[PDB]
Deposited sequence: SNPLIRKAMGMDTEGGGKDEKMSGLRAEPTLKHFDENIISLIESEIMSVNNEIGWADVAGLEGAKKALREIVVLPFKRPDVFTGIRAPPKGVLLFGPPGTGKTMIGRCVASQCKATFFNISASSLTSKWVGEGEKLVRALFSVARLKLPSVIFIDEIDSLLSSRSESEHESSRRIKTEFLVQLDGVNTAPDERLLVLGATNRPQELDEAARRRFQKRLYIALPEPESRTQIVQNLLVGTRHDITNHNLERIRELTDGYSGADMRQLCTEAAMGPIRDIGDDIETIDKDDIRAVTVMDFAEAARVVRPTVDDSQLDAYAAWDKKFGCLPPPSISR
C-alpha cells in the first residue's frame, strides 16, 4: 500500500484488509430490505444522518460509537450493515469474529489493530463485526485478539467527531456481560421479517425463475410462513422451485430450460410442509426479554 501511515504494518496484513475486508459500495440505497421500518429509521437516526450532518448531530444528538444488531439468525444482519454504510457513503469494513480467532489466528492482534487504523484513515468508516459475542466473551491467542479488540474499541472513544462507528452483530446477545454491552450504547433488535417483508423477499428471489405466482397467492404464502426468518424464506423458494424440476423426472436431462413448468403456490404449500422455521418461540421470548432490558428500539 502507498499509504505512508500504514508503512509500519505487515504488507500481507494491509493486503488482506484491502482485498477481503474493506469495500466501498455506495449504490445499495436501502436495498429494499426485509429489515423492519423501525430498525431502518433507528440506524438512519443513529448512524446515517449523524454521518451526513456531523454539524447537526452533536450534543445529545451525537451518535454512539457502537451499535449492536441482535436477534435471530438469518435476518441478514450483515447486509443491513452494508446498506447502512452505503447510506452514509462510509468505507465498509466487513469482518467476522470467527475469521479473527480461527481463519486468521496468526497475527490476529495485528489484523485487529490494522483494521482500526485503516478505518481511521478512510473516514467516514463503518466497521461491521459479525458474531461479536465470541470476541467479547471469556485459547490463549483468543485472549490477545480479544484484548487488542477491547483496546481498539475504547480507543475510538478518544475522538468525539470521528465519523467511525463499530457495528457489532450477534445471534447470541445473552452471552454479553454488563461490560461488553457498555461498548454498544445503542442495541437494535433485528426481528424476524413481518408478513409484508416475507413476500417482498419471495418476489425478489423469484426473478429469473419462471413463476405463476399472483398477488392473491402472496396472502397465502404469508400465512404459510409465519415465524420464518429471511433465510427460511430463501430455503422455502428453493424448495418450491424444485417443483417444476421433479415433475419431469428424467426429462431434466434433455428438456429445453424454457419448457420447465412455472413455480406455483402449490409448490410453496408443498414446500412449506418440508421446510421448518429455524428459531423457536423460546429463542424469540428470550430475545424479546433481553430487548426489554437492554434494547432501545420501541
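>> No C-alpha coordinates means not modelled. Give me those stretches of the deposited sequence in order.
In response: Residues missing from the model, as numbered along the full deposited sequence, span 1-25, 164-168, 329-334.
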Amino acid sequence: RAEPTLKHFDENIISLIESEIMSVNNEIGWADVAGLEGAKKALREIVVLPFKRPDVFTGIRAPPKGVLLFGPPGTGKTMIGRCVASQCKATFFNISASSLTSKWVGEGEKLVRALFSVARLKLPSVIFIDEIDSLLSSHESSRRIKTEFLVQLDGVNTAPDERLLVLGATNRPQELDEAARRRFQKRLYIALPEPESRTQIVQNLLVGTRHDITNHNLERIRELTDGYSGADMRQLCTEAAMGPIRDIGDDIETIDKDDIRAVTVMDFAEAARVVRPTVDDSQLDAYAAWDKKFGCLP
From here on, numbers count along this sequence of modelled residues.
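> In the PDB record, does 27-35 or 60-68 carry the higher mean Cα temperature factor?
Replying inline: Taking the mean C-alpha B-factor of 27-35 and of 60-68, the larger value falls to 27-35.
> If you average the Cα B factors in the entry, which is higher, 156-164 or 224-232?
Replying inline: Comparing 224-232 with 156-164, the higher mean C-alpha B-factor belongs to 156-164.
> Quick one: which of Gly74, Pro124, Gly106, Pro193 has the biggest Cα B-factor according to the entry?
Replying inline: If I rank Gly74, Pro124, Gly106, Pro193 by C-alpha B-factor, first place goes to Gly106.
>> If I read the C-alpha B-factors straight from the PDB entry, which of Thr199, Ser137, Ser117, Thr91 is highest?
In response: The listed residue with the largest C-alpha B-factor is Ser137.
> Lowest, middle or highest third: where is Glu219 by C-alpha B factor in its chain?
Replying inline: CA B-factor rank for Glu219: middle third.
>> Can you tell me whether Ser86 has a C-alpha B-factor in the lowest, middle or highest third compared with the other modelled residues of the same chain?
In response: Lowest third - that is where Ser86 ends up once the chain's C-alpha B-factors are sorted.
> Going by the entry, which third of its chain does the Cα temperature factor of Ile213 land in?
Replying inline: Answer is highest: the recorded C-alpha B-factor places it there.
> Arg143: which third of its chain by C-alpha temperature factor?
Replying inline: CA B-factor rank for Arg143: highest third.
>> How does the C-alpha B factor of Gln174 compare with the rest of the chain: lowest, middle or highest third?
In response: Highest third of the chain for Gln174's C-alpha B-factor.
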